[PDB]
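Quick notes on the structure that follows.
2 protein chains.
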Amino acid sequence: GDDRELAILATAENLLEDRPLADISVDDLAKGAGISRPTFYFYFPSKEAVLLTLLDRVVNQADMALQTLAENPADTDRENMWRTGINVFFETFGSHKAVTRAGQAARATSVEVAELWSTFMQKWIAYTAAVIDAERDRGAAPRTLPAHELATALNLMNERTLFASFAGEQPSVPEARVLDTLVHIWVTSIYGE
Amino acid sequence: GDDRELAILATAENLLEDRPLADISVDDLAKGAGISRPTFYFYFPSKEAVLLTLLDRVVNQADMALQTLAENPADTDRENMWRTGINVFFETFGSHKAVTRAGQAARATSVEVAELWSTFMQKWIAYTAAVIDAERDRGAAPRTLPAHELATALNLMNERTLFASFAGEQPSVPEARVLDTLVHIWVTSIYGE
Ligand SMILES: O=C(NCC1CCN(c2ncccn2)CC1)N1CCCC1
Ligand SMILES: O=C(NCC1CCN(c2ncccn2)CC1)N1CCCC1
Ligand SMILES: O=C(NCC1CCN(c2ncccn2)CC1)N1CCCC1
Ligand SMILES: O=C(NCC1CCN(c2ncccn2)CC1)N1CCCC1
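Line by line, the protein sequences give chains A and A'. A prime marks a further copy of an entry chain.
Counting in the entry's author numbering, the first sequence runs from 22 upward without gaps.
Counting in the entry's author numbering, the second sequence runs from 22 upward without gaps.
Here it is as structure tokens:
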């Protein structure tokens, strides 16, 4: 039941390693899932809905992880606390690079994908800003830029820079160096006078 | 001569204010330029080549401006020196937002557009890194991250954050606040211990 649904999702993620969604047909997905074409259409309306489900699954995994961390602070210094959050993305999206690439390709023209991403970004930006504001209130960080603006730019930086790293874009920070690079810019800009 | 070429480019930029390149036909461009379809094909091979030319023109304008600044340093403090460079983008791409939007949409699937962007980003990243290295050598900045990695992340941040601002994306830093936001993150991360 969910078995055929899971098989379809698995096939799509496997195929997305090799080519883009426009070179993948519903028939390829059904065939990889061991089902016929009209059976496919009972679980999904289109190959784009399959991508949307993969993306929704990845983004919810990252969001649940961050929600765990937020409830269970590490006992370590500030620099390590920001690193542990950024590492959620580095690990979760970094474990699903083909899905990430296809999501980015899609939101060029898909309103559902853009909106899904936006909702989550708003949430994590707000959380980031709430932390920065808490740090200023406790006297740990200086009141420099408006926290929400700062949190928007640092979150967008991470989106773009992790994407380029995972893609191996030229230019890009090597994947082995991207987390230390991001952490340095977050700590200096949040705590720096 | 260049007159009909200039008219075609002008028509394409005007139309790109209203819809994407996929809703624009060669016939629309010719008609707006006052020429026939086969006459269009004498100046350009396709509507995509017209976009590529607009993009090449915008990116060369920004690059020539930065080359002017690099040759003619302002007499002001460090913070203002970085602001003057970032402002080149804010002004040049910000004066051509529809072309910028269409360029971003395109590089989702166009190798020529991706490569053109990449070449220039490499150049400005290298320049940024050379400055950071000069600042460390003169004892004005601390030796923290490798300069080239730092310069890659800060340049990618600007690309993504200015794009979102100019687009009015949700989330995005308002256009009136984006330059001060970027400058703060560049100065703290370059000069911050
Ligand atoms: O790296 C990021 N964001 C990092 C932030 C860091 C702070 N934060 C968080 N920290 C501790 C617990 C829960 N949340 C929210 C996530 N992004 C890449 C794709 C878009 C966002
Ligand atoms: O590039 C990004 N984020 C932006 C894209 C947006 C499209 N898309 C997506 N995914 C889930 C839900 C909705 N949209 C894949 C992510 N990252 C690189 C690694 C960290 C996140
Ligand atoms: O805002 C940026 N980059 C800013 C840098 C700042 C330093 N710099 C420069 N400074 C003084 C003179 C010449 N060059 C090179 C450009 N970007 C947005 C799109 C991609 C790059
Ligand atoms: O988003 C960006 N940059 C990236 C895109 C890349 C596609 N594209 C482009 N343009 C010229 C030459 C090649 N590609 C338009 C720019 N910016 C926002 C304002 C500052 C630059």
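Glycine included, C-beta positions come from ideal geometry on N, C-alpha and C.
The beta carbon of residue 26 of chain A sits closer than 7 Å to the beta carbons of 64 from its chain, once the five residues preceding and following it are set aside; these are given in chain order.
Residue 126 of chain A' sits away from residue 34 of chain A', with the two beta carbons spaced by 8 Å or more. Burial is judged here by how many other beta carbons sit within 10 angstroms of a residue's own beta carbon; residue 172 of chain A' has at least 16 and is buried. Residue 36 of chain A' is positioned such that its CB atom lies closer than 8 Å to that of residue 53 of chain A'. At least one heavy atom of ligand 3 lies less than 7 Å from the C-beta of residue 106 of chain A'. Among the CB atoms of chain A', none fall inside 8 Å of the CB of residue 102 of chain A. Restricting attention to A':207, A':183 and A':48, the CA atom closest to the CA of residue 196 of chain A' is found in A':183.
A direct Cα-to-Cα measurement between residue 122 of chain A and residue 165 of chain A gives close to 35 Å. Ligand 2 approaches residue 180 of chain A closely enough that one of its heavy atoms is under 7 Å from the residue's Cβ. Excluding sequence positions up to five before and after residue 51 of chain A', its CB lies within less than 8 Å of the CB of 29, 57, 58, 60 and 61, all in the same chain and listed in chain order. Neighbours of residue 166 of chain A across chain A', judged by C-beta separation under 8 Å: 201, 202 and 205. A straight-line Cα-Cα distance of about 44 Å links residue 174 of chain A' and residue 55 of chain A. Under the 8 Å criterion on CB atoms, residue 181 of chain A' is classed as interfacial with respect to chain A. Short note on residue 183 of chain A: C-beta closer than 7 Å to some heavy atom of ligand 1.
For residue 59 of chain A', the uninterrupted alpha helix (DSSP H) segment begins and ends at 58-64.
With 16 or more other CB atoms across the displayed protein chains lying within 10 angstroms of its CB, residue 202 of chain A is buried. Take residue 86 of chain A, set aside five residues on each side of it, and the residues of its chain with a beta-carbon closer than 7 Å to its own are 109 and 113, in chain order. For residue 24 of chain A', the secondary structure class from DSSP, reduced to helix, strand or coil, is helix. Listed along chain A, the residues sitting closer than 8 Å to residue 171 of chain A' by beta-carbon distance are 202, 205 and 206. The Cβ atoms of residue 206 of chain A' and residue 162 of chain A' lie no closer than 8 Å to each other. Between the beta-carbon of residue 209 of chain A and that of residue 209 of chain A' there is about 5 Å, and that keeps the pair under the 8 Å contact cut. If you look at residue 82 of chain A', you'll find it in the alpha helix (DSSP H) that goes 68-92. Counting only the Cα atoms, residue 178 of chain A lies some 8 Å from residue 179 of chain A'. Residue 124 of chain A and residue 136 of chain A have their C-alpha atoms some 12 Å from each other. By the CB criterion at 8 Å, residue 176 of chain A' and residue 153 of chain A' fall outside the cutoff.
For residue 193 of chain A', the C-beta contacts it makes with chain A under 9 Å involve 173 and 177, in order along the chain. What residue 146 of chain A' touches in chain A, judged by beta-carbon distance under 7 Å, is 192, going in chain order.
With its beta carbon at least 8 Å from every one in chain A', residue 40 of chain A lies outside the interface.
Residue state for residue 122 of chain A' is assigned as helix, using DSSP reduced to three classes. Placement of the Cβ of residue 128 of chain A' at a distance of 7 Å or more from every heavy atom of ligand 2 is found. Between residue 143 of chain A and residue 192 of chain A', the CB-CB gap stays under 8 Å. Counting along the chain, residue 106 of chain A' sits inside the alpha helix (DSSP H) bounded by residues 99-113.
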